[PDB]
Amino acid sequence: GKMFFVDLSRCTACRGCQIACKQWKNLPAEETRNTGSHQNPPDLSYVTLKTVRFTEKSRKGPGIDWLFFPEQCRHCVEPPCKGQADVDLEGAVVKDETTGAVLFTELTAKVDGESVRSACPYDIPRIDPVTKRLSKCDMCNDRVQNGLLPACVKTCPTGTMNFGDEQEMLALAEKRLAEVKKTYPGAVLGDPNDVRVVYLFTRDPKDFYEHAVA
């Protein structure tokens, strides 16, 4: 299988990943407005598969801890969204055995879109108010199958986004956590046994986003 290692201690919130996702899939842009934040779009939706979340936490002395979270589907090893979806219709949510990608097919119109989002402990799935189909990050399975990096991984300049085989990524995450701890001593890996998107957080994952971990 394949795995994303996301080192958030290197993220500059450039949002190259956010734009690159929409470029590769030719997705449309939402109607957005500024409500007192750089964060936009404010949430994932049918047409936004990745958004960078901004969070400001007060620290002692000058400046802040500015916490950046490029949110995507975790592509869980044991997908709860599949388990729930398979109660309505088996096929709607399938698992690629090559890559480990959790993929929503066109049969997600048939299943209960509401409850399959509830089952997701990361609150990832989003419903089309029209076709009633579920959309999210598909791990750019298209590109991964063809021995290319996902768009968000390739576009990232900082070395935040890393992609490859589960073994060599977990090996990287452990070695990187060791060096990052010297700068951010409260650094941790998010659910490194349950998912294929392993986020390195500089501090309490709940500070980055409510559904940052299970």
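So that there is no doubt, residue numbering starts at 1 and follows the sequence shown.
Look at the mean CA B-factor for 130 to 138 and for 67 to 75 in the entry; the higher one is 130 to 138.
Looking at mean Cα B-factors across 9 to 17 and 202 to 210, the upper value is held by 202 to 210.
Annotation for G159: CA B-factor lies in the lowest third of the chain's modelled residues. In the PDB entry, a CA B factor belonging to the highest third of its chain's modelled residues is recorded for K60. The PDB entry assigns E174 a C-alpha temperature factor belonging to the highest third of its chain's modelled residues. Remark: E30 belongs to the middle third of its chain, ranked by C-alpha B-factor as recorded. Per the deposited record, the Cα B-factor of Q145 falls in the highest third when ranked against the other modelled residues of its chain.
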